[PDB]
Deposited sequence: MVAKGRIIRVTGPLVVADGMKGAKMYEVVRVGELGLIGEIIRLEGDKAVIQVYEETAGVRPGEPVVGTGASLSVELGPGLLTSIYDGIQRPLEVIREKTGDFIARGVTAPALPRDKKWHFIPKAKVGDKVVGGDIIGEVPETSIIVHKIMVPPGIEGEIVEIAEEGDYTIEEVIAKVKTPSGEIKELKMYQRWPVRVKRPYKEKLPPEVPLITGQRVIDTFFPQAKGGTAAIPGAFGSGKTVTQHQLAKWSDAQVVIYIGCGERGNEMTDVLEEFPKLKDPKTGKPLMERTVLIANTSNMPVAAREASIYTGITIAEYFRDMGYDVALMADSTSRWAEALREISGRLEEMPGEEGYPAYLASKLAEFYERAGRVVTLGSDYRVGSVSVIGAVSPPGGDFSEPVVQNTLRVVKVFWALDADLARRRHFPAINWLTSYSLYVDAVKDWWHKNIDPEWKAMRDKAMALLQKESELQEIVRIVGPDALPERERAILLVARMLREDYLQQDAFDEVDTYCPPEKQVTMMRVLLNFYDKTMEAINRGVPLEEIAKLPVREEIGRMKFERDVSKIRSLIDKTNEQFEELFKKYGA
């Protein structure tokens, strides 16, 4: 009997005589397991690999799990149903402006950039020698307009073999794109969101997760990350977790502006879509397709952000087996996916660095986690931003719980902050975090015994922790200034707050009543500094704080 592990649509897991797992569209099957063409049930093998096309055409595109383009059908009750159609990944009709960057006689290796194509108004697409090709450029195209199938260069290998190069290349999605070296985490992916960059930093090339649960301001946070992180290119996977998602992706996504250029965000984005309507095999393949495309852009020397929010549609690619699916293996590959994240010295003759940072949504079963998509080789994820519904209901925005979130990149990125931005960055965050932890402990004790017997010193810690939460952790994504917080602004707002802490504890020491400090006028300016775009005006709050505390030391014995 045929196990019909999929409905006859767009891909299936084929298990052969002696070799397990391959895939097709019609009945002709591209294969991971090498095979000997013509097993049981009329199945004929092919060239080989499940692969993607990489060249001009990727940007602004929407694909399914195996890089076949759109085709949509109209309304319903979800109202936009989409499916992957057998057509070409990169348009064969369009003319691209090719600019040569190499010349006849140049020696080249894989990764070398031999030309450039302005693909969109945002991104210059770098044309690269495919991995494993090297030798002498014996022929190269003149500046001009060409379709993707046109040969733009010829390379003679050391054998004398002549290789024909196009503006695009193919790569098997299940094989990591090669590079020279994976560099240790070091440079932060700057999100411009205070709580993240300060307390739970992402490294360029790092791995982060958020809860996939709707609400808590997830789509706001995902939108903020996609548009503000200092990655040049975004690869987004999902689009199918709710009924209306595809609808919003077709109507609204072309409207979104890259705030850094004023141009459409789609002009540095590639979308991969996973839906209930699509074959279970394509959705399994989707993450590999996405990360291969991400790697391909890092190879050019770009920082890229691979963002996935498709847990339920991806996870429901769960399937029946009989024979042996695979116990200590179902999370071993998810590991190999996350393992493909990294900042690397890329292939090429020039020293060149690119990265893929991964931000993935994680949804166990519903609310509380157990074992589903949670805690196998968990330490594969180094950052967790714990979007928290309770915080959302208290209207604390970005609803990131600062007690259950973590980052293992704090020490990895501190040196970049110390030498480029502020020598005290790490000392200041640790100090602020200790205050938040103390506040939490105090709030729990108070819950029990009441707030009435609180000494001044503890009331002061509570006052300043509250200022940290309101003036620093809370950030307004909808505000034209506070939508992004530059690194220099982040450290300056922190110094203002921590200097206010220092002066508060000092004042209390010299017998200044806390009610006097709570009403210090500068406090309300500290409450609004996130809205101030001029960082020098924010810095001037340090002296203004100092001065006002002086007038307090005067109104008292000091």
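Gaps between the deposited sequence and the modelled structure occur at positions 1-22, 347-354.
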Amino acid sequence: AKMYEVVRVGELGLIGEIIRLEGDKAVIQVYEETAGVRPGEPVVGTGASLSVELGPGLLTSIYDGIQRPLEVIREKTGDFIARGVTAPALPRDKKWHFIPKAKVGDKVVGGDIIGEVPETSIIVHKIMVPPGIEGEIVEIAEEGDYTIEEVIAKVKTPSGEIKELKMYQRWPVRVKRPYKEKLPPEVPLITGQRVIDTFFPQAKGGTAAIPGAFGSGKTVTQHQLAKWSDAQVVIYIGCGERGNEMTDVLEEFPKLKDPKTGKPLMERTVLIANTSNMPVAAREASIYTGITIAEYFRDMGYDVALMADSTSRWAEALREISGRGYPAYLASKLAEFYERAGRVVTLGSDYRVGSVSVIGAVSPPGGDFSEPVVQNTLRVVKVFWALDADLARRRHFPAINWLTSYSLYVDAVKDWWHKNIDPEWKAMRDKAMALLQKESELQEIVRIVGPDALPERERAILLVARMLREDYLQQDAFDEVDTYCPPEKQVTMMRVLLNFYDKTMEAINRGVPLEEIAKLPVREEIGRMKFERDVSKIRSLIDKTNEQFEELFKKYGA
From here on, numbers count along this sequence of modelled residues.
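Averaged over their C-alpha atoms, the temperature factors of 549-557 and 3-11 are higher for 3-11. When the C-alpha B-factors of 82-90 and 412-420 are averaged, 82-90 comes out higher. Out of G47, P521, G55, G527, it is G47 whose C-alpha atom has the highest B-factor in the PDB entry. Highest CA B-factor among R313, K166, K176, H125, as stated in the entry: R313. Ranked by C-alpha B-factor against the other modelled residues of its chain, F253 falls in the highest third. When the modelled residues of the chain are ordered by their C-alpha B factor, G366 lands in the highest third. In this PDB entry, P158 carries a Cα temperature factor that places it within the middle third of its chain's modelled residues. In this PDB entry, the Cα temperature factor of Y236 sits in the middle third of its chain's modelled residues. For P279, the recorded CA temperature factor ranks within the highest third of the chain's modelled residues.
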